[PDB]
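Just so it is clear: chains get the letters A, B, ... in the order the sequence lines come, proteins before strands, and each one is counted from 1.
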There are 2 protein chains.
Amino acid sequence: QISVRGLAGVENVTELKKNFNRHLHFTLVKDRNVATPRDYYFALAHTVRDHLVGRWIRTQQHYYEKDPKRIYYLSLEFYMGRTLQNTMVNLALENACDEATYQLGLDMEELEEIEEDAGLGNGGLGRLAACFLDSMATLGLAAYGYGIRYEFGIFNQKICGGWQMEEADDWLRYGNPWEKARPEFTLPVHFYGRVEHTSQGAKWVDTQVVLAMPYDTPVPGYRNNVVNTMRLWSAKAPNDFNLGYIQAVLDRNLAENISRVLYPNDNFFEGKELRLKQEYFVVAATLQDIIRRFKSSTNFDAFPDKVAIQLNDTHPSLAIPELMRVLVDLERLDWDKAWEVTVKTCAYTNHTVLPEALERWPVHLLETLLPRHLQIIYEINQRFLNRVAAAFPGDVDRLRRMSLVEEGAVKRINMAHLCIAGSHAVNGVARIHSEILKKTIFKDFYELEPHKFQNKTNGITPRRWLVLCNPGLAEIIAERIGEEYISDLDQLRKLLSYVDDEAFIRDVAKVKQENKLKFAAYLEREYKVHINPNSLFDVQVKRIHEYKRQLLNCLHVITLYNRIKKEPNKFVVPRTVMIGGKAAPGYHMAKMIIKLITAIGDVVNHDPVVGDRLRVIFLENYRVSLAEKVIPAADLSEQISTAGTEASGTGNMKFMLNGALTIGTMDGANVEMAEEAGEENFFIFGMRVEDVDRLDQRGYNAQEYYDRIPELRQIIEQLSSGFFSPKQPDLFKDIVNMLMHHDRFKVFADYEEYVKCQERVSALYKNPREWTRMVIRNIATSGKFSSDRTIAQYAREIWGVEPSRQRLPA
Amino acid sequence: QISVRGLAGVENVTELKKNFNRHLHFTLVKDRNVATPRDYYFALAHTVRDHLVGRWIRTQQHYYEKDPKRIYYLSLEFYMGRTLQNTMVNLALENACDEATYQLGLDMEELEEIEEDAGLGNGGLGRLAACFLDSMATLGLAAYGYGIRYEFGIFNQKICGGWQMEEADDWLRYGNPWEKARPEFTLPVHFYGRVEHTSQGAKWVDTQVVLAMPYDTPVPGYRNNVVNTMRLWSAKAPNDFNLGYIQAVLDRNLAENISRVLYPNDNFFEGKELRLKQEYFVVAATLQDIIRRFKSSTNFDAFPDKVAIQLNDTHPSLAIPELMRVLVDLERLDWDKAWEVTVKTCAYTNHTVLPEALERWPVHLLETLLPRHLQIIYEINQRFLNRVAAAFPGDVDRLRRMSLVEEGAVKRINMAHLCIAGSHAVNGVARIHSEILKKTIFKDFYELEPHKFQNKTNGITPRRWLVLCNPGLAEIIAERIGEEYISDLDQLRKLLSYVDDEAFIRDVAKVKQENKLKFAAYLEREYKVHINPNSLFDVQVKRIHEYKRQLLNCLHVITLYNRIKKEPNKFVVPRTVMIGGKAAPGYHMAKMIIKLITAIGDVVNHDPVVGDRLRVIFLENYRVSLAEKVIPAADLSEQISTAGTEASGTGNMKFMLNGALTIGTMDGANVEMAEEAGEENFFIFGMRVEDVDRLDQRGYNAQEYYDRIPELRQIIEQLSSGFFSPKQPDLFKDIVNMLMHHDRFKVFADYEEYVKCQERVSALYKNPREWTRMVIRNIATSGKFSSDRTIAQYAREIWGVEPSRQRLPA
Ligand SMILES: O=c1cc(-c2ccccc2)oc2cc(O)cc(O)c12
Ligand SMILES: O=c1cc(-c2ccccc2)oc2cc(O)cc(O)c12
């Protein structure tokens, strides 16, 4: 139908149809008489998968022959979403498959909706890993994603009586056609035991063994015939495990629990033993695989020339002492040489400055689970602190500040400190964030080793986040400037010359309207909720957090409602306010915020005086597949974290690419987005980082704002008195108390500027032509935020490898 | 190479080769450069599986169209073994695949050895179910095997220091290419809860739900294009199961433990809750499937006309009250009508008279787990006992003897009594066994309902147990009488006219020698054990039991050794005595017997004076695949259970078909085997059932035999004094004590006749021509013992269906 979706050739369509029928018959063991939509989905998935394997085999053969430097991206999370459409897009098969299925009497879009998300992540960190894999393949790097194959991903969120309920994400129930089990490459991982010192070094003995079984998933590059691998480890008990008889077999579950479930925490550290086991499991299995592949190329001098290991946050930090363990205890290298190799191999990406997200593991846990690693960590610490003492003589407090070992009630190991010590490169994820690292939390480390500290501003893949989710926009862009921008997003700048083009303005606005209509239709069909498609779509989708300030959004919503009630017959720009996202199951305040949002909807959506001028909807079960639906439909993107708290954000970039305007604080990547688009084309409000610092030195008193802002006072009175919860008057007492007395994120301080700024948004929306012109200026300058740009910078400045757009032979 | 293995056509070989390469590439994601023997096995398995599916789909379509009466074979065990060669044989693909693999540079026999046994059974009972499935498909019956997909089958047996060690049979580790998961047909099963009585009947409420997910395996008939289904249920937790968060997800294992492991007990009842859950799980899921299929044909009058349910032992006995529950509580039928339907639908096969194998479930377990079923069982009992009282007025002890409820310290339900009450047909598994049932343990029930009681002598499939495991013998038979005997084993009688044929005598003896050479080679390669291929191969393979009397064999072995030591320079017929089989992990005496056998080998195999005249070998890890190797190699088959204890035996039939002579008591099917072959062609010894009864009335005193038999005395002295265990002199005290004071199976009483009979075996073996002539008379009269005969009798006399040899269109 549309150009960017590829060609539908006669030979191709015929071949796809016959292979579809072959899989339905031989693979699924069905005939057309009993086949369900799900069977049809699987037949198509297997048909498309066939096209990958030839390219997959030859790519990996190519790497074996050429022996390039290998990039190993270690992450506890890979938030992949659905795979079918992505694979079709990257293989240029979308139109041919659409035609083939059409001729078989099937609707491909209906089949696409059957696939479960691979929800092996919490949010931003896991989705960044997924975009990175896509860009690494597109840029022709010999890259491998390594993680854990969780049996259960991020929970499915149900809303019951306005409250979040959690249910298991049984994503593998019907099978996963994309993965290939590799039981032949199973590796042992050791836990517990004790350290024996001999004449020839230390030995780790009397351990318990868990097997790590790999499952490989293909990662196709964009139309370059490159297919890289994501290898995810699954936990298996050895066959002599605990070997009365029946109980011993049943107890195998204990070992296999390691890969059972993803911890559902976003930017929060939970110091549980199972989590530590997960972290070592991925690291130990992965490093064996790396060393095996390196030896199959004695001399570990060339190790850093052939291997790069990227640590996605501190979660895989145990790679540092594990690599030391293998090199010193098993390969018999001297400490100094092993350390040189380790430092030159490892690089670390920091994702947040927030204290509650920082991994600080109790010594007593490491002592029991990983006794040899603790000894190695102690030795690293001593040698590192000797360097600090020599560089800064007499500075005793610096020594305590920089130690990997934190003294206190319970001794802990600071994993971020471990990562900096054992990595040649440390990066933040946006310019402001990287500067904060050097100025605040890692200031001491920066003073010792300034050369280690870098910036790599985050990005998103334009394949999933434009071509896939918004084909209508991709097409009208391609009509003007060609197709090359899909792997060279900087070309979008060419759209600046169309800002006064009357045809383009109309087309951009048309695509947005169609997207809004399609999303409004989705809401009625799947959730029976009614929304006005002519209203401004005001959306905030992201994990529920105090720092992300869904609460500030709530206060604006109530302000709008109160203003309408005061002057019912005054015209206001109609809005649909949509808020979605999951709360960590144990995060009480976040769960209260979800209840607040639904409670506001209950009042606002049923007030006859409001009509269709204001609607508040909670978007249930926010996940990658839902993001692909709502983001193209958005008019206004809410990026309103307290300045200095959101390291980068990536949702912000997704909205910018898809024709929404942004209301936001000068936080994370918002700063660079405003810089690229021009501040006149961005709705910036509120405190800057410097203003927050000034307020902190003075002391934040929320009462001051309550006393001086009558509109804010009314809202707090409504919340406290039970306006939004008549049958439970004190339901929101926890929220009010937090706001008034212990608000670390200064919601009240940004309220006035936020409300004022929102008025300017409504004013612009009244002028459709000028709204759309500003949109064009945003889309046109979104190029910097391609993960292709990000990965090219990692490649050149950290990994020491050169990206390539050259095709492999098909 | 050989005729019975089919044709190797030019078109077929070319097509097999190309599909082999297709699967290696697209299915396994490998190329020839990195592929291992295991990869090659899987590529072949997938290639052969392809040939099944067309036939599988059309068979099941045929049943839907014709709507014949359906046979449901319910078993907790299906001892399937390997599937690759069996599938090739039944599809006439063996020679073509042999050719195709040969041209690819592969040895098919090497590839066959890679497949794991599907060891979902303990021994005879589970293997009977497997042979039955094969015969039902071969006879064109619309039959379904229903059971449990155990994650772990019967344990792998290792011998360490002469003792049995158990390890988990992780049979699914590399995947199972034969099964097809059917998650779309998942069904709920209920446990616990309570019974509420309403105005409209009883209701079972507040239950816990476990999901039953079916996996289907094709069962091909012999060259008739019929492919039936074996459906095995797997346990799955519902997604809201226990839904802090992490623990709730981990606790899903508790529900899924139901299908985790096969109870490793052979002819022994262990009254554990997990086992009861397994029994209800299979019954509840299966019955829903049956009723669904029946409705998709209100009127349950025709239910017995369209459905037969066969209970393999009492393990699935809960089918009776479950069917009543569904008909009364859910379909709202009156009790009397529901009962009439149930009785006419269900039939029960008894497998043993031994008291310790009889299922007697504590009432308190059923009360908690299945409260509604207990109420139904009580009601069945009351109505049944009212019939007994009316038939036998005043006979108060009969009422207590016949009750389904057994009073005592703990009240129990006798499941055998439940089965007889609720079945229209009850059968034993050999003539002597069926007569014992009517005379002894079920005498009361026979007096009330004589028409219910039948015999169905067991059998074995000649496909697996001749054509597959012994192609050399199958070929020389086919050369004389054609191929029709493979599905009409009675035709073997035609071989009686070749008993004086000098060419046939030579060929029969040649095939045996080749088999012995091949097995002697297997032993050296896989276990590094040396055996003399010119010796008499004396084998006893079966589960280790007191009743099966491996101990009597041990006593003969020691007698032979002592006799050689007394007269070293006297000629004796050289023997290799092989004993193999698993012991239940908790069965102390059986574990002691294994140790005894190895302990005897340790002395005998290393005595220089013995030389190669006597060797004692314990065959490790006896299972279906090993049976297929050792049985064709056997000269002498040991079937030496105490008269009245082995209900039938099936191993006996396997040896008879494969050219071994039998030494045995008049027990189980041995009686009918001797009747068929003629007693002159069988080595019969020892007490008959009548002699055991006489000894029991008198009282068995083992001391009498010890005192009167000097050779027996010597052995007991050797055992007690530590001749076979010098470093642990009293190691075998438990065995000696049992033999002397509490031997329920009268080992000493059959000793003299056994030893005498063994001398006659050695005498015959000295005359190769006369040995072989007797062998021919055994093979020629083994026809009755085909499971095709057995199944035809079930079909005509129990199920009310007519078997068919007619081909379905290919
Ligand atoms: O997931 C959480 C995130 C934060 C949290 C709070 C402020 C800044 C960053 C993270 O706090 C928590 C507190 C809890 O008791 C339980 C939780 O699961 C969380
Ligand atoms: O598997 C067993 C079979 C018999 C057994 C004994 C005599 C006749 C039939 C079965 O006894 C046992 C006793 C135990 O303590 C444990 C067991 O696992 C078994």
Side-chain angles (χ1 to χ4, degrees), chain A residues 25-31 33 36 38-39 49-50 52-54 56-57 61 151-152 155-156 158 165-170 173-175 180-184 186 213 216 218 236-241 243-246 248-250 252-253 256-257 260-261 263-264 270 272 274-275 584-586, chain B residues 25-31 33 36 38-39 49-50 52-54 56-57 61 151-152 155-156 158 165-170 173-175 180-184 186 213 216 218 236-241 243-246 248-250 252-253 256-257 260-261 263-264 270 272 274-275 584-586:
Chain A
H25 185 83
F26 296 98
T27 305
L28 303 185
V29 193
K30 298 266 181 165
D31 64 330
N33 301 322
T36 60
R38 177 167 279 108
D39 297 309
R49 175 201 168 271
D50 281 346
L52 275 165
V53 302
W56 200 11
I57 293 156
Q61 180 65 256
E151 187 176 333
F152 302 95
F155 61 87
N156 283 316
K158 293 271 177 72
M165 300 293 287
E166 299 92 20
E167 66 174 41
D169 167 46
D170 193 14
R173 186 170 62 250
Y174 294 97
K180 181 69 190 70
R182 298 297 201 191
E184 65 272 27
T186 294
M213 179 181 291
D216 290 352
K236 259 264 198 186
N239 284 342
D240 59 329
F241 186 84
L243 284 169
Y245 166 79
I246 295 287
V249 174
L250 300 179
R252 288 174 58 98
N253 301 152
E256 304 180 340
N257 278 349
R260 194 81 66 199
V261 61
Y263 276 82
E270 201 183 340
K272 295 296 204 297
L274 186 55
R275 170 69 172 195
Chain B
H25 185 83
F26 296 98
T27 305
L28 303 185
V29 193
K30 298 266 181 165
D31 64 330
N33 301 322
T36 60
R38 177 167 279 108
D39 297 309
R49 175 201 168 271
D50 281 346
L52 275 165
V53 302
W56 200 11
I57 293 156
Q61 180 65 256
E151 187 176 333
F152 302 95
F155 61 87
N156 283 316
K158 293 271 177 72
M165 300 293 287
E166 299 92 20
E167 66 174 41
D169 167 46
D170 193 14
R173 186 170 62 250
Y174 294 97
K180 181 69 190 70
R182 298 297 201 191
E184 65 272 27
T186 294
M213 179 181 291
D216 290 352
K236 259 264 198 186
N239 284 342
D240 59 329
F241 186 84
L243 284 169
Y245 166 79
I246 295 287
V249 174
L250 300 179
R252 288 174 58 98
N253 301 152
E256 304 180 340
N257 278 349
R260 194 81 66 199
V261 61
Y263 276 82
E270 201 183 340
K272 295 296 204 297
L274 186 55
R275 170 69 172 195

Original post:
Are any side-chain N or O atoms of B:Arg49 and backbone N or O atoms of A:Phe26, one a donor and one an acceptor, separated by less than 3.5 Å?
Top reply: yes

Original post:
What do the steps show when you test A:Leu274 against B:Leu250 for side-chain contact (heavy atoms from CB on, under 4.5 Å), and what is the final call?
Top reply: CA-CA 11 Å; A:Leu274 186 55; B:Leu250 300 179; 3.9 Å; yes

Subject >> Check against side-chain contact (heavy atoms from CB on, under 4.5 Å), B:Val261 and A:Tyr245 >> reply: CA-CA 10 Å; B:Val261 61; A:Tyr245 166 79; 4.0 Å; yes

Student check: side-chain heavy atoms of [X] and [Y] closer than 4.5 Å:
| X | Y | value |
| --- | --- | --- |
| A:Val29 | B:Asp216 | no |
| B:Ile246 | A:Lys272 | no |
| B:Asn239 | A:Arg173 | yes |

What part of [X] gets closer than 4.5 Å to chain A, counting heavy atoms only: side chain, backbone, both or neither?
| X | result |
| --- | --- |
| B:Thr186 | neither |
| B:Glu184 | both |
| B:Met213 | side chain |
| B:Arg182 | side chain |
| B:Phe152 | side chain |

Original post:
Counting heavy-atom pairs under 4.5 Å to chain A, which of B:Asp170, B:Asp169, B:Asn33 comes out on top?
Top reply: B:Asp170

Original post:
Using a cut-off of under 4.5 Å for heavy-atom pairs, which of B:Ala181, B:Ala237, B:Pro585, B:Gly586 has the most such pairs with chain A?
Top reply: B:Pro585

Subject >> Derivation of the side-chain contact (heavy atoms from CB on, under 4.5 Å) call for B:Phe241 and A:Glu167 >> reply: CA-CA 8 Å; B:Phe241 186 84; A:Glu167 66 174 41; over 6 Å; no

Looking only at heavy atoms and a cut-off of under 4.5 Å, which of [options] has the most pairs with chain B?
| options | value |
| --- | --- |
| A:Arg38, A:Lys236, A:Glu256, A:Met165 | A:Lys236 |
| A:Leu243, A:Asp39, A:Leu52 | A:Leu243 |
| A:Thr36, A:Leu28, A:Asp31, A:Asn156 | A:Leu28 |

Subject >> Distance in Å, B:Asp50 CG paired with A:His25 NE2, rounded so as to fall on 0.5 Å steps >> reply: 8.5 Å

Subject >> Stepwise side-chain contact (heavy atoms from CB on, under 4.5 Å) test for A:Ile57 and B:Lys30 >> reply: CA-CA 7 Å; A:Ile57 293 156; B:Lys30 298 266 181 165; over 6 Å; no

